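Chains as they are written, first to last, in our numbering: chain A, 697 to 1019; chain B, 697 to 1019; chain C, 108 to 935. From the three backbone atoms N, C-alpha and C, an ideal C-beta is built for every residue, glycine too.
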Amino acid sequence: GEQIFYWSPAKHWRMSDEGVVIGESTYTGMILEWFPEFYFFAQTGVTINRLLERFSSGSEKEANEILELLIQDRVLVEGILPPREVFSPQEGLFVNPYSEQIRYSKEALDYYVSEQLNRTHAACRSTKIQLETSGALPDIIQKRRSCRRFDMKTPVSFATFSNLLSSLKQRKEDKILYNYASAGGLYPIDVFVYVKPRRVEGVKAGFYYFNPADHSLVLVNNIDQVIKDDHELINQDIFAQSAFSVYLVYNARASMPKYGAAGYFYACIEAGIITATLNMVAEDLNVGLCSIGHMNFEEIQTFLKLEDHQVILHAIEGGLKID
Amino acid sequence: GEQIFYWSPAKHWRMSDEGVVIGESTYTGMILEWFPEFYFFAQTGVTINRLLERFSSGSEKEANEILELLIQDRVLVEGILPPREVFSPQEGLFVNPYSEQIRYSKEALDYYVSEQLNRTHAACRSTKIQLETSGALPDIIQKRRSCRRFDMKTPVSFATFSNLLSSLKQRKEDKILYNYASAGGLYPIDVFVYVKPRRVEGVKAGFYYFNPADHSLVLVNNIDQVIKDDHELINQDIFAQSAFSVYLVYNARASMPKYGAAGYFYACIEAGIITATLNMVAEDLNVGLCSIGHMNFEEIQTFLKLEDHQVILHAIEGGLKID
Amino acid sequence: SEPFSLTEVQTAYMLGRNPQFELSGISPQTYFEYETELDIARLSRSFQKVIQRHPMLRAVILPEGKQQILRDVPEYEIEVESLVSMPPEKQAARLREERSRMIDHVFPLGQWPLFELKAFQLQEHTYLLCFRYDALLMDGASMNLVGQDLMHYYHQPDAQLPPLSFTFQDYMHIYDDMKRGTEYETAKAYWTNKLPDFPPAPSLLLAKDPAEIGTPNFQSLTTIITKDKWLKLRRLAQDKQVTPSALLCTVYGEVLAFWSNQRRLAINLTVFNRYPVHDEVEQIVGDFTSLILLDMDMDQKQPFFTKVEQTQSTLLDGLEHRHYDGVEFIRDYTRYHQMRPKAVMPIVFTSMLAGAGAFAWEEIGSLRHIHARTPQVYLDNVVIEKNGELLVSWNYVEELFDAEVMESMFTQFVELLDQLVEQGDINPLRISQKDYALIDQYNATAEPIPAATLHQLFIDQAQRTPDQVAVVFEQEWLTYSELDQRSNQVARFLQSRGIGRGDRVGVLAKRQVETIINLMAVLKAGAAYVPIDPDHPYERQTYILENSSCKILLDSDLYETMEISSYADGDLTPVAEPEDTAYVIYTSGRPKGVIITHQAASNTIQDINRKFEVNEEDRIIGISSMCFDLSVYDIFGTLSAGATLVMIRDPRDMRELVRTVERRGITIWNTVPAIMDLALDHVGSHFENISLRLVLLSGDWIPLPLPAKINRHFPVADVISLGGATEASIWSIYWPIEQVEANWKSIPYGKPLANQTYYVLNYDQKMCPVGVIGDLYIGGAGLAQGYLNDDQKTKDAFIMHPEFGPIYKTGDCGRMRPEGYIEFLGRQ
Ligand SMILES: Cc1cc2nc3c(=O)[nH]c(=O)nc-3n(C[C@H](O)[C@H](O)[C@H](O)COP(=O)(O)O)c2cc1C
Ligand SMILES: Cc1cc2nc3c(=O)[nH]c(=O)nc-3n(C[C@H](O)[C@H](O)[C@H](O)COP(=O)(O)O)c2cc1C
């Protein structure tokens, strides 16, 4: 009945003179006496008392503090990791030829970007097919621009709000269909919508679950709220002026049983899908949108009561276009 | 100039009576005799002559056979891992509530899919807002469908091919703009285009790099060939019938310097923005497209002479629709 | 009144009566019809009187295999029917019914008369007597003997002639006693010693097999030679001290030897007038026929009359050994040579020249019709002297021959006789007519190709598409501009060591891209190259360098070891001319070098690339070893098109060959038939390839079923059959294969490619008639210059023909088919 913890796949163990080193931190005291056997034992999945009997046989007080820290430090974890943890080890494989200034000097960044936007592939042979510039794209794509300011006084009309959400609804044509593709046809992304007070017509403030099958918003949480301090400051104005915000959540049970690990990857692709679809509809509806790369997801998954199999992957802010 | 190998971060190991277990394989001999010191050295990046200097002290042949096997088994690796290796360890965290039969039995799978398409979020309250279906979507989105059947007699016209590719070209409006949103404005994904003999007007068979600033294709490789055995059986009909294909390649050097691991993640998302944008244009142009879940990318990466920092993240097959 | 033994010929007539033997079942039968003014009742009475005088006419043949004169017979009456009241058309209907019936009807054994006589009165003084008899009964000499006495009695019924005192039964007694010793034994020894090497009968250009004939159907080609021509031929024979029989046999022999492409030929010759036996034998009725075989040899350069004299001596000696029958000889011969009961001697010569009397039957009345059929005969050349008229008749089975060939052969016979009459010798037979035109157009292949040189073709293509990849092996490859820069440095190196025009450089056949660079450099500098396979037994590798007198061997590991990179890579001064040797290839280990010039090599390449529209999008799979001439096409043929060449590391791995075509998109296959056949057995039923557009199968035999496997696995490829010689510029003869096009046992060898000709020659180097098998020769612009360091072989293989120019004897055997192509029958 105890929770099962696993040696995190993202943590690499090593020994030093100070103590046990896991990832970025050094542990000292009794933990050093737990050896490689702790490392091996933990890989199968253990309960806290099973583990303690195997490695303590001394005061449980010290053993409990050690084990508690390892859990708090994400050495011993309960389940699937979010993408920020999943890709972390890759930084140890990448070699950076550029200075750190890209992140500090806006000029260093502008220079960097200009080199990148003019890059070519090294293996290119000395030939060339010049393509025609004679065509045109539909306006829905070519006139679309990111929106960083919104109408703060006019509530989003109900019809507009509903029409935008409808872009992801289910259709039945002798089977269930969507307006976008999914790997394996499973559609494993749950959508949650957050609405601020008096900003969306017909909608009370709160966190709602969107069900494409019902074409409706089910209230999840009308107690808590999203605050500006849950965001990186660079995005605090987008957050402050938006009317609503949408979160995309990956449901592992809706993918992993069919594809295994590949399913998580495919979902990460699907997140680009959907977003682009929604953006096109927003253009037809005169609605502005701006995506966000990172925010405090731990507080949000707590608010939404997400389960062990649910991972937040992405979020988008928006409101009516302002003129 | 000697190749440096790293302990692959995706591998974990245990001691056993049979020998040492790394990942899924059991080894005996010097490798067992080596203990964590081998592990710790491999962990920081070491070239072969250095590993032999430190870990041989036995027959040279024995030392060499062990290191060769570990490289072949991807225990020791050169650099950044592809997505299939990156997400592999998550398999040990997911627990499948369904039987394994959903991956073998058509009926078991159909059950799985139908059940999942009607799933909802458990933590919901008993109240909701019903959305209207009174609005409309444009045909460019609502009528799009994946195609697995192509017109193998009509070549793709040159103008059609150019207009489809123009969907991803650069525009100059006091800065470089694209027809879609991406990254932090870095656009770190390269496009490679592959053409089969006589299936595209004006283009010789081969692998070309697309340069969005010029609106041109430059040949990289016109010697090797893509064959049906580079595809899983489920997609061999698609392979046989398609005219051309597009590969999406992520440049770690274009993103990692600013975002670290997150850059890989964001690129995974960006690929789906690009994909959706492209499909919209393809429908106006009557070009069928289909995403591929898996392909022999290692052979393709070899053909394109991709470098250590480059990885294929996504590929799309297509041609004129059968009609 | 007792039965007697048969002569060996009569025994043979009896054996030939058996339907089980080839073209047998017909005891020889003869039909006659004559026109007279003389009354039947009197001729009929005269007929019975001749039976009384000539009791052999009263003979019966028994099923026993013996002959007996009947004690007596029912008296025979010539049946006479009057057609006098009938119009000529109806009279003819009756005469035609009796003639047809007498010709097809056969006398039963045990039938008492062995003759049948029926006559018609067409006018009160016009009579036609139709009659027939079985050959076992009597000779032709006997037939006229009877006619003379019969007409005697017509006119003088009471001028009683004496009975034969010496009778056939006495004749046969002596026969049985003679065949015990003396001359029998002497003749037997003569023939016994000759038998082991007696020649075969000549083989004619038959339209059909004897099995397809069954009952023969005879037709004839006839002519009468006038008395003046006959006397001129006799005088010629007199001047040459020979008999006209040798003169005629020799002319006949020329026709047969020409048409059959024979040097020696056995001729069935019929012997006349028995053995002396007694004082009255030429005065009795019986069969005096005996067989002799004539051993003729026409392999001469010598004058016509010389051949006649040789024939005469042969005839004269053979006839002194008549005491052993040719029937016995042939029995011994066919057992000796295991010929079995086959129609072994179907070509026969018969002569009554100075071997006939006044023709008692024509004294009775004019001959209107005559016909005879014998078993196992294809053609009977019979010559008769008739009161100075020379009668020539060729009786032949129409079912066995093409009528035009048959008319042509007869025509030639007569023309040769006319030349002997006017000049005294003859022109050798030759054929043209409705044949010459086919060969004349078959060889009309000239085309305007400049040839130039092999490296020039490369140089210009390299300038047109410098960044194209030319040579591919693994993940390593070279471009056209790279080949020129690298080969310019190597050529300067070779020039700088004293290697120039007229010299030779040996090269090793290794699978390296640098191999091509070294190969091109040798040619650019003006030297010929000699390829060596590194896996040849070492002593052979050394043999060739020494035997060919090469100056240096170039291994592949030279660029980095000879400091080639220190040399300029700019343009070279041109050296080679189209007439220079490009290469010398050693073949047929002992081996001889074959000298090939740039012009010959180029014309083959230019024609193949133009005919198959070879271009820059093509891919050639380099399966074949560099030790073959075949590889020249792949290397130079690729470079002149701007196409890509792929090297194969190990040609034996058929799976590798399959992997290569699938992974590289190969469009042109170029192998000997064995490789395609083996590669296809590593291919499952699910396999399909649509990259090959052209398959060249070159040399060796192509199985008729092979295209089936090629077509199902490579449904879009064009399969071509190519033949030729290495002593010629790789390919000479072309034929596409459009499925198995016919019910046949062979794939047409084909027709010449461009600026090349082909001939089929007889034993004396003259053209063979279409359908006749002879030696195969090639001519035209594709020829090699001879063998390197072997003069005797060059002398016999490369010859100058007085009509066709230089030609090469391949020594293969074959024939032209009237359809417009060459069919070959292998080497032998
Ligand atoms: C990342 C991704 C990979 C996919 N891989 C494959 C594949 O390998 N083979 C295939 O037939 N379909 C594949 N599909 C599934 C279909 O493309 C698509 O989801 C299905 O047709 C339903 O959507 P639609 O009605 O818009 O076509 C893939 C889709 C995505 C998003
Ligand atoms: C995955 C992802 C995350 C992003 N996160 C942020 C963010 O946190 N803050 C922000 O203002 N813009 C963000 N952007 C950048 C903008 O969305 C936009 O793509 C960029 O400014 C290009 O602007 P454009 O409309 O002129 O093409 C993000 C884009 C992507 C694709």
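Whose C-beta lies closer than 6 angstroms to the C-beta of residue i among residues of the same chain, with five residues either side of it excluded?
i                      : result
C:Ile556               : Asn710, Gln713
B:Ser842               : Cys986
residue 949 of chain C : Past the boundaries of the shown model lies residue 949 of chain C; chain C is included only from 108 to 935, so the question cannot be answered.
B:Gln932               : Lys924
B:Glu698               : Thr743
Between residue i and the rest of its own chain, which residues show a CB-CB distance below 7 angstroms, the 5 nearest in sequence each way excluded?
i         : result
A:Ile1018 : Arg845, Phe846, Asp847
C:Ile671  : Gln596, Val597, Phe600, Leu665
A:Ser863  : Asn875, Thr973, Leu974, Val977
Report back the beta-carbon spacing between residue i and residue j to the nearest angstrom; my notes put them in contact at under 8 angstroms.
i        : j         : result
C:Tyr636 : C:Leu652  : C:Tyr636 to C:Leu652, Cβ: 12 angstroms. No contact.
C:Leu803 : C:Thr774  : Actually they are not in contact, since the Cβ atoms of C:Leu803 and C:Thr774 sit about 12 angstroms apart, beyond 8 angstroms.
B:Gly715 : B:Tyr723  : 5 angstroms
C:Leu426 : C:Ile454  : Actually they are not in contact, since the Cβ atoms of C:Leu426 and C:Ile454 sit about 19 angstroms apart, beyond 8 angstroms.
C:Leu752 : C:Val629  : Contact doesn't hold; Cβ gap of about 18 angstroms is too wide.
C:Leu257 : C:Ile391  : Actually they do not touch by this definition, with Cβ atoms about 15 angstroms apart.
C:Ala634 : C:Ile606  : 5 angstroms
C:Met245 : C:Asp146  : C:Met245 to C:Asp146, Cβ: 25 angstroms. No contact.
A:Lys954 : A:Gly1015 : No, A:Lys954 and A:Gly1015 are not in contact; Cβ-Cβ is about 37 angstroms, not under 8 angstroms.
Might you give, ordered along the chain, the residues of its own chain that have their beta carbon closer than 8 angstroms to the beta carbon of residue i, omitting 5 neighbours on each side?
i                      : result
C:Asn722               : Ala748, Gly749, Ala750
B:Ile837               : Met976
residue 102 of chain C : For residue 102 of chain C there is no data in the structure shown, the boundaries of chain C being 108 and 935.
message: Measuring CB atoms only, is the region 843 to 857 of chain C touching the region 819 to 830 of chain C, in the sense that at least three cross pairs come out at less than 8 angstroms?
response: yes
Original post:
Taking Cβ-Cβ distances below 7 angstroms as the criterion, which residues of the region 722 to 750 of chain C are in contact with chain B?
Top reply: none
inquiry  = Within 8 angstroms, do at least three Cβ pairs link the region 1004 to 1015 of chain B to the region 132 to 141 of chain C?
reply    = no
I want to know whether the region 226 to 237 of chain C touches the region 181 to 194 of chain C - three or more CB-CB distances under 8 angstroms. yes
* Compile a chain-ordered list of the residues in the region 830 to 848 of chain B whose CB is closer than 8 angstroms to at least one CB of chain C. => none
Give, in chain order, every residue of the region 920 to 933 of chain B whose Cβ lies closer than 9 angstroms to some Cβ of chain C. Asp920, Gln921, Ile923, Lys924, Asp925
For the structure I just gave you, are there three or more beta carbon pairs, one from the region 796 to 812 of chain B and one from the region 797 to 811 of chain A, closer than 8 angstroms?
no
Worksheet item: How do the region 490 to 508 of chain C and the region 440 to 459 of chain C stand: do at least 3 beta-carbon pairs fall below 8 angstroms, yes or no?
Response: yes
*Can you list, in chain order, the residues of the region 810 to 822 of chain B whose Cβ is nearer than 9 angstroms to any Cβ on chain A?*
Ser810, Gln812, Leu813, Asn814, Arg815, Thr816, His817, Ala818, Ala819, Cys820, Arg821, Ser822
Counting pairs of Cβ atoms below 8 angstroms between the region 813 to 827 of chain C and the region 867 to 877 of chain C, do you hit three or more?
-> no
Unbroken alpha helix (DSSP H) runs of length 4 or more, entirely within the region 268 to 297 of chain C: which are they? 275 to 285
contact_flag[the region 935 to 946 of chain B, the region 873 to 891 of chain B] where n(CB pairs < 8 angstroms) is 3 or more | yes
* Is it true that the region 412 to 429 of chain C meets the region 348 to 367 of chain C, where meeting means three or more beta-carbon pairs spaced less than 8 angstroms apart? -> yes
Next item on the list: Ignoring anything shorter than 4 residues or poking outside the region 644 to 684 of chain C, list the alpha helix (DSSP H) runs there in chain order.
Entry: 645 to 654
> Which parts of the region 486 to 574 of chain C are runs of the alpha helix (DSSP H), unbroken and 4 residues or longer, counting only runs that do not cross its ends?
Replying inline: 510 to 529, 540 to 549, 561 to 571
Between the region 758 to 787 of chain C and chain B, which residues of the former have CB atoms less than 9 angstroms from a CB of the latter, in chain order?
-> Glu769, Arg770, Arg771, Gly772
Note to self: For a minimum of 3 consecutive residues, which ranges assigned as the beta strand (DSSP E) are wholly contained in the region 908 to 993 of chain B?
What the structure shows: 912 to 917, 940 to 947, 983 to 987
Assess, as a yes-or-no matter, whether the region 462 to 482 of chain C is touched by the region 288 to 307 of chain C under the definition of 3 or more beta carbon pairs within less than 8 angstroms.
no
_Residues within the region 977 to 992 of chain B neighbouring chain A, beta-carbon criterion of under 7 angstroms_ = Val977, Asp980, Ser987, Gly989
Segments assigned alpha helix (DSSP H), at least 4 residues, entirely inside the region 721 to 767 of chain A = 731 to 737, 744 to 751
- Task: Please list the residues of the region 551 to 576 of chain C that have a C-beta atom closer than 8 angstroms to any C-beta atom in chain B, keeping them in chain order.
- Result: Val576
* Please list the segments of the beta strand (DSSP E) lying wholly inside the region 722 to 763 of chain C, counting only runs of 3 or more residues, in order along the chain. => 726 to 729, 751 to 754
Counting only Cβ-Cβ distances shorter than 7 angstroms, please list the residues of the region 708 to 733 of chain B near chain A, keeping chain order. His708, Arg710, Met711, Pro732
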